[PDB]
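**Student:** Handing over work.cif, mmCIF, C-alpha atoms.
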data_coords
#
loop_
_atom_site.label_atom_id
_atom_site.label_comp_id
_atom_site.auth_asym_id
_atom_site.auth_seq_id
_atom_site.Cartn_x
_atom_site.Cartn_y
_atom_site.Cartn_z
CA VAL N 672 101.33 103.78 125.98
CA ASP N 673 98.21 101.68 126.37
CA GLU N 674 96.20 104.60 127.64
CA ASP N 675 97.74 106.74 124.95
CA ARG N 676 96.55 104.41 122.23
CA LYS N 677 93.03 104.77 123.47
CA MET N 678 93.18 108.52 123.11
CA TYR N 679 94.69 108.32 119.66
CA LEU N 680 92.13 105.78 118.67
CA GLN N 681 89.45 108.13 119.91
CA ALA N 682 90.99 111.00 118.04
CA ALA N 683 90.90 108.85 114.96
CA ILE N 684 87.28 107.99 115.42
CA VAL N 685 86.21 111.59 115.81
CA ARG N 686 88.39 112.63 112.93
CA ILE N 687 86.93 109.96 110.69
CA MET N 688 83.36 110.48 111.80
CA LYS N 689 83.64 114.16 111.12
CA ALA N 690 84.76 113.59 107.55
CA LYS N 692 78.94 111.79 108.54
CA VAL N 693 77.48 108.34 108.86
CA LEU N 694 79.29 105.08 108.71
CA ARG N 695 78.64 101.43 109.39
CA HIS N 696 80.48 99.84 112.28
CA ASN N 697 82.59 97.58 110.16
CA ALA N 698 83.56 100.42 107.88
CA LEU N 699 84.47 102.63 110.78
CA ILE N 700 86.71 100.04 112.33
CA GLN N 701 88.58 99.33 109.14
CA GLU N 702 89.25 103.00 108.61
CA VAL N 703 90.58 103.36 112.11
CA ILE N 704 93.06 100.66 111.26
CA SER N 705 93.79 102.27 107.95
CA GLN N 706 94.62 105.55 109.63
CA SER N 707 96.43 104.07 112.64
CA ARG N 708 98.48 101.67 110.58
CA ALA N 709 101.53 103.85 110.62
CA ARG N 710 101.64 104.17 114.41
CA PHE N 711 100.41 100.75 115.47
CA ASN N 712 97.71 98.16 114.94
CA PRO N 713 95.01 98.66 117.42
CA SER N 714 93.19 95.79 118.98
CA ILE N 715 89.64 95.47 117.79
CA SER N 716 88.48 95.17 121.34
CA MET N 717 90.09 98.50 122.11
CA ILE N 718 88.30 100.28 119.29
CA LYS N 719 84.90 99.13 120.35
CA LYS N 720 85.49 100.42 123.83
CA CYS N 721 86.58 103.75 122.43
CA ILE N 722 83.51 104.00 120.27
CA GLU N 723 81.28 103.61 123.28
CA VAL N 724 83.29 106.16 125.15
CA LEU N 725 82.83 108.46 122.21
CA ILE N 726 79.11 107.94 122.30
CA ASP N 727 78.94 108.75 126.00
CA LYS N 728 81.01 111.81 125.24
CA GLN N 729 78.36 112.22 122.59
CA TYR N 730 80.87 112.76 119.87
CA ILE N 731 79.06 110.22 117.76
CA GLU N 732 75.65 108.60 118.02
CA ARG N 733 74.02 105.48 116.64
CA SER N 734 71.40 105.79 113.97
CA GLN N 735 67.97 105.27 115.42
CA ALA N 736 66.86 102.67 113.02
CA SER N 737 69.80 101.02 111.41
CA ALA N 738 71.86 97.98 111.99
CA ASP N 739 75.32 99.08 113.22
CA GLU N 740 75.40 102.63 111.96
CA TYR N 741 76.72 105.74 113.61
CA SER N 742 76.20 109.38 112.79
CA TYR N 743 78.55 112.19 113.55
CA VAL N 744 76.82 114.49 115.94
CA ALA N 745 78.31 117.81 116.78
CA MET D 1 95.79 80.13 86.94
CA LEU D 2 98.44 82.77 87.63
CA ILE D 3 97.11 86.32 87.81
CA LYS D 4 99.17 89.48 87.62
CA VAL D 5 98.43 92.26 90.12
CA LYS D 6 99.64 95.87 90.03
CA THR D 7 100.89 97.04 93.39
CA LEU D 8 101.54 100.48 94.88
CA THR D 9 105.33 100.25 94.55
CA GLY D 10 104.88 100.54 90.80
CA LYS D 11 105.38 96.88 89.94
CA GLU D 12 103.39 93.81 88.94
CA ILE D 13 103.25 90.48 90.74
CA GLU D 14 102.06 87.09 89.55
CA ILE D 15 100.26 84.91 92.07
CA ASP D 16 98.67 81.44 92.34
CA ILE D 17 94.86 81.23 92.20
CA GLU D 18 92.03 78.73 91.81
CA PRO D 19 88.76 80.01 90.31
CA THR D 20 86.77 78.58 93.24
CA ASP D 21 88.90 80.49 95.75
CA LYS D 22 87.29 83.36 97.64
CA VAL D 23 88.85 86.70 96.71
CA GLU D 24 89.83 87.60 100.29
CA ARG D 25 92.51 84.90 99.94
CA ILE D 26 94.21 86.79 97.12
CA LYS D 27 94.52 89.72 99.52
CA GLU D 28 96.54 87.44 101.80
CA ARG D 29 98.77 86.30 98.94
CA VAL D 30 99.37 89.98 98.25
CA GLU D 31 100.24 90.54 101.91
CA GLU D 32 102.69 87.65 101.75
CA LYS D 33 104.46 89.17 98.74
CA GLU D 34 104.04 92.93 99.32
CA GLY D 35 103.80 93.12 103.13
CA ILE D 36 100.51 95.01 103.12
CA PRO D 37 97.90 93.79 105.64
CA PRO D 38 94.74 92.27 104.03
CA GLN D 39 92.81 94.46 106.46
CA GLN D 40 93.72 97.53 104.45
CA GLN D 41 93.60 96.45 100.84
CA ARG D 42 91.04 96.94 98.12
CA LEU D 43 91.17 94.94 94.94
CA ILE D 44 89.91 96.58 91.78
CA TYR D 45 89.28 94.36 88.81
CA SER D 46 88.81 96.39 85.63
CA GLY D 47 87.31 99.53 87.14
CA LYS D 48 85.24 98.04 89.96
CA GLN D 49 86.13 97.19 93.57
CA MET D 50 86.30 93.42 94.11
CA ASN D 51 84.10 91.92 96.81
CA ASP D 52 85.35 89.85 99.75
CA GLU D 53 83.27 86.73 100.36
CA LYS D 54 82.41 86.49 96.64
CA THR D 55 84.64 84.13 94.64
CA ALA D 56 87.00 84.70 91.70
CA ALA D 57 84.86 82.69 89.27
CA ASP D 58 82.10 85.15 90.14
CA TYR D 59 84.36 87.78 88.59
CA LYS D 60 85.38 85.51 85.66
CA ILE D 61 89.10 86.09 86.30
CA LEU D 62 91.41 84.23 83.93
CA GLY D 63 95.14 83.53 84.06
CA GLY D 64 95.96 86.52 81.91
CA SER D 65 93.83 88.80 84.04
CA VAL D 66 95.26 91.82 85.87
CA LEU D 67 94.26 93.24 89.27
CA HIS D 68 94.77 96.77 90.60
CA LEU D 69 95.41 97.33 94.31
CA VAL D 70 94.36 100.57 95.99
CA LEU D 71 93.77 101.64 99.61
CA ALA D 72 90.31 102.03 101.17
CA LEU D 73 87.75 104.35 99.56
CA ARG D 74 85.10 106.39 101.32
CA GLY D 75 82.64 108.89 99.97
CA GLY D 76 81.82 111.95 101.99
CA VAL C 299 115.31 72.32 86.06
CA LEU C 300 112.45 70.01 84.92
CA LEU C 301 109.85 72.50 85.89
CA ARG C 302 111.76 75.42 84.19
CA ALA C 303 111.49 73.86 80.77
CA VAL C 304 107.78 73.62 80.82
CA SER C 305 105.84 76.86 80.61
CA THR C 306 104.57 78.14 83.99
CA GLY C 307 106.17 75.24 85.84
CA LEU C 308 108.04 77.43 88.47
CA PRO C 309 105.24 79.48 90.17
CA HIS C 310 104.02 76.41 92.27
CA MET C 311 107.58 75.80 93.42
CA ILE C 312 107.83 79.52 94.29
CA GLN C 313 104.86 79.38 96.60
CA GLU C 314 105.90 75.94 97.97
CA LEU C 315 109.46 77.22 98.81
CA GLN C 316 107.87 80.40 100.36
CA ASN C 317 105.19 78.34 102.47
CA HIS C 318 107.92 76.05 103.67
CA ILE C 319 110.62 78.52 104.95
CA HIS C 320 107.79 80.38 106.72
CA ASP C 321 106.61 77.32 108.71
CA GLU C 322 110.13 76.41 109.76
CA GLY C 323 110.81 80.07 110.74
CA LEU C 324 107.57 80.47 112.69
CA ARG C 325 108.28 77.11 114.39
CA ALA C 326 111.97 77.98 115.02
CA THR C 327 111.23 81.01 117.25
CA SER C 328 108.65 78.98 119.39
CA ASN C 329 111.49 76.91 120.64
CA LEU C 330 113.04 79.91 122.48
CA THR C 331 110.37 80.21 125.36
CA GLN C 332 108.69 83.21 127.02
CA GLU C 333 112.15 84.69 127.88
CA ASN C 334 112.04 86.54 124.48
CA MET C 335 115.72 87.29 124.65
CA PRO C 336 116.76 88.95 121.30
CA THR C 337 120.22 87.38 120.82
CA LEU C 338 118.67 83.87 120.45
CA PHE C 339 115.87 85.17 118.20
CA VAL C 340 118.19 87.04 115.83
CA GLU C 341 120.48 84.11 115.73
CA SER C 342 117.78 81.44 115.00
CA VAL C 343 116.31 83.52 112.19
CA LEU C 344 119.88 84.00 110.72
CA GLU C 345 120.53 80.23 110.89
CA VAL C 346 117.47 79.63 108.69
CA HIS C 347 118.36 82.56 106.39
CA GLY C 348 121.88 81.19 105.93
CA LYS C 349 120.68 77.68 105.07
CA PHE C 350 118.21 78.84 102.41
CA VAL C 351 120.10 81.78 101.00
CA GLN C 352 122.96 79.43 100.21
CA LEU C 353 120.50 76.86 98.88
CA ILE C 354 118.89 79.34 96.48
CA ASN C 355 122.38 80.44 95.32
CA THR C 356 123.90 77.04 94.57
CA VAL C 357 121.08 74.73 93.70
CA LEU C 358 118.58 77.17 91.92
CA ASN C 359 121.55 79.19 90.44
CA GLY C 360 120.40 82.49 92.04
CA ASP C 361 117.11 83.15 90.15
CA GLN C 362 115.44 86.46 91.30
CA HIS C 363 111.86 85.25 91.57
CA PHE C 364 112.80 82.69 94.33
CA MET C 365 114.92 85.41 95.97
CA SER C 366 111.89 87.68 96.10
CA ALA C 367 110.05 84.74 97.68
CA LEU C 368 112.64 84.33 100.32
CA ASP C 369 112.68 88.14 101.12
CA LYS C 370 108.95 88.35 101.45
CA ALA C 371 108.98 85.09 103.60
CA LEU C 372 111.88 86.32 105.89
CA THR C 373 110.05 89.76 106.42
#
Please lay out the structure from this file as structure tokens.
**Tutor:**
Amino acid sequence: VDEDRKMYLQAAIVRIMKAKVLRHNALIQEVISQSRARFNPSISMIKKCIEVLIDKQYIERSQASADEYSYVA
Amino acid sequence: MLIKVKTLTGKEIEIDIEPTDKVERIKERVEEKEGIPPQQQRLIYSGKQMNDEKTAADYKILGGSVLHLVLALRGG
Amino acid sequence: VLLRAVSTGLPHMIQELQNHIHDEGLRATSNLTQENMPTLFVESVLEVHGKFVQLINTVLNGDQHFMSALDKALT
């Protein structure tokens, strides 16, 4: 299940980021908002997923912005 | 003061408040009564979304006042 | 009864009664160790429920607002 949550969390991030740019805090809260029905994700987990997503290059950070991410296709 | 708050079950709940209290606390009172995590809650006072770290006296909320609760809002 | 007579007397009492059962309940489970066996856990929670539910019935005369308080606190 633990691994599974990561994937779902990731799916949530991509899904949310698709629907363009969001601040880190906002993104996290939404992930919780979406995931609430299934389970409450640990904050630490989310952050890890976000980075994974960036490596995957699903989403990127804004060049000059405090904690902001853009959805990059 | 005791403020009334309209929930998403279609009812209205009165809760204990001090004007000096930060508004994020009211979210927790609403969790306690309605079982909705303060993480996902947004308080709207008369048309506008209430802040978090800002206090209730900053919004001039009185004991007759009424709050509306809605889930998170994002533009896109 | 004293508080009922005066206008808006009960709401403090509602929170107080809610804050209190919650502490006792939260404390009660802590007693039951890292075993996390369910039969003890269901039973401790029920012990507390039974004490207060009866208490709200007899003593407060079964007023709904306090009952809502209890439900939210037990959840």
**Student:** Counting all atoms listed in the file, which residues sit no farther than 7 Å from the position (78.1, 113.9, 112.9) in the file's frame? I'd like them as number ranges by chain.
**Tutor:** N: 688-689, 692-693, 731, 742-745
**Student:** Using the chain letters and numbers from the file, give me the residues hit by the PyMOL selection byres ((chain D and resi 63) around 10), as a VMD selection string.
**Tutor:** chain D and resid 1 to 4 14 to 19 61 to 62 64 to 66
**Student:** Go ahead and compute the interatomic distance for atom CA of residue 312 of chain C and atom CA of residue 363 of chain C, in Å to one decimal.
**Tutor:**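 Atom CA of residue 312 of chain C sits 7.5 Å away from atom CA of residue 363 of chain C.
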**Student:** Which residues fall under the PyMOL selection byres ((chain C) within 10 of (chain D)) in this file, as a list in words?
**Tutor:**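 Given this file, the PyMOL selection byres ((chain C) within 10 of (chain D)) evaluates to residues 306, 309, 310, 312, 313, 316, 317, 366, 367, 368, 369, 370, 371 and 373 of chain C.
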**Student:** To one decimal place in Å, what is the distance between atom CA of residue 11 of chain D and atom CA of residue 67 of chain D?
**Tutor:**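 Taking atom CA of residue 11 of chain D as the start and atom CA of residue 67 of chain D as the end point, the length is 11.7 Å.
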